[PDB]
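Have a look below at one chain only, the form deposited in one PDB entry, in structure tokens format.
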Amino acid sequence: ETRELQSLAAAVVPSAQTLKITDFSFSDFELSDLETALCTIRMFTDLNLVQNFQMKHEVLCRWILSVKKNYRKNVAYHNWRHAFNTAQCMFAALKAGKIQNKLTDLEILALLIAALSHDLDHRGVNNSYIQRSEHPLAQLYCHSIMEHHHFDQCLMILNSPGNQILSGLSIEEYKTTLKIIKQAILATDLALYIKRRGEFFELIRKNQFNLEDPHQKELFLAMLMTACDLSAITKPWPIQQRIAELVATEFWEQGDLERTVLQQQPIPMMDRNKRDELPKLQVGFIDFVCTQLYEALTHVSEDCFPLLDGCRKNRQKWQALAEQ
């Protein structure tokens, strides 16, 4: 622990190119926990966030390890690896996808922090499950229960001694940054994505999209977050297939809880008896949620196409299995 920290602060950080983190095709699967922390340091560095905000090396390392530790290893999918991947998709969206110079430094700082923080202390279970099972977290919060908890955890970490990576900021810049972080985290609630999609899609469709407008900037950021959150849907096939079983593992565990705690029939997505239905379900997922989103991000930035390409290729593959 104090040893993992001394390991990390002493290590050489390889370049962005050596670590492959500018590729939309990036895979974490064969990296050690230590190597993922190294990648993260690089991400903060090449977005000019260490330089622009006076982050001490030792402090960023301690924060990165604090985050990593507050994810739950026993949770099939919503653990550190997902948080890390989400951040890597953000980093590629900013660098390879060229979103970077459409945003301010404060926004980028917020997004990257948010990407790594957005699922902190997840329990492998829904908002619905949390609500209906009367879990304590649903007395503190009445909408986006999990997402509000994730932000609270994030805030709690940014403010614990030795971990204050935002300390270089003025009271004004700090308040601004937290506000963006909160909105970014809240935006990773699929319900709120569905709720605001249509406005974003009409803006694109009528060629009225414009980042100069404060309201549209906010919207775009929310969309970006969803794009990164769902990004495993865009990876090469060996990766996507592997990641899908993890997500399914996580759902099936929830279905168990729903059968015993709530006494209801879990929905196919969530029933292990219909393990057979996974392909068809993934196709449905892609069609209803993902493709339209990556189609739009590609209108915002030509260079984000590889995300939509990846998504369409995974659709073909799942559809092939859906007919056996």
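Numbering starts at 1 and runs along the sequence shown. Shifts are known only where both forms have a C-alpha. Take the two forms, superpose them, and find the largest set of C-alpha atoms that agree within 1.5 Å; that set is the rigid core.
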Check your understanding: Taking the other compared entries of this protein, do a third or more of them lack coordinates for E134?
Key -> yes
Review point. 179-187 versus 102-110: which one carries the higher mean Cα B factor per the record?
Key: 102-110
Check your understanding: Mean C-alpha B factor from the entry: is it higher for 113-121 or for 235-243?
Key -> 235-243
Review point. Among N210, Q153, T249, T226, which residue carries the highest C-alpha B-factor recorded in the PDB entry?
Key: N210
Point to revise | Residue of maximum C-alpha B factor among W63, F285, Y294, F26, per deposited coordinates | key: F26
Point to revise | Third of the chain's Cα B-factor distribution that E202 belongs to, per the entry | key: middle
Revision key, fill the gap. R132: CA temperature factor from the record, placed by chain third, in the middle
Revision key, fill the gap. Of the three thirds of the chain ranked by Cα temperature factor, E147 occupies the lowest
Check your understanding: What third of its chain, lowest, middle or highest, does the C-alpha temperature factor of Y141 fall into?
Key -> highest
Check your understanding: When the modelled residues of the chain are sorted by Cα temperature factor, does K217 land in the lowest, middle or highest third?
Key -> middle
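Only in words, not in the display: the form deposited in another entry, which the text now covers.
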Study note, to complete from the structure: The mover among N79, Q131, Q216, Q100 between this form and the one not shown, judged by a CA shift of 2 Å or more on the rigid core, is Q131
Review point. Core-aligned, does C142 move its Cα 2 Å or more between this form and the one not shown?
Key: yes
Revision key, fill the gap. What changes in the other entry is the Cα distance between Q183 and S133, by 3 Å or more; the two atoms are closer
Check your understanding: Would one find the Cα atoms of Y193 and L140 closer or farther in the other entry than in this form, where their distance changes by 3 Å or more?
Key -> closer
Check your understanding: With the two forms aligned on the rigid core, where do runs of 3 or more residues move by 2 angstroms or more at the CA atoms between this form and the one not shown?
Key -> 125-142
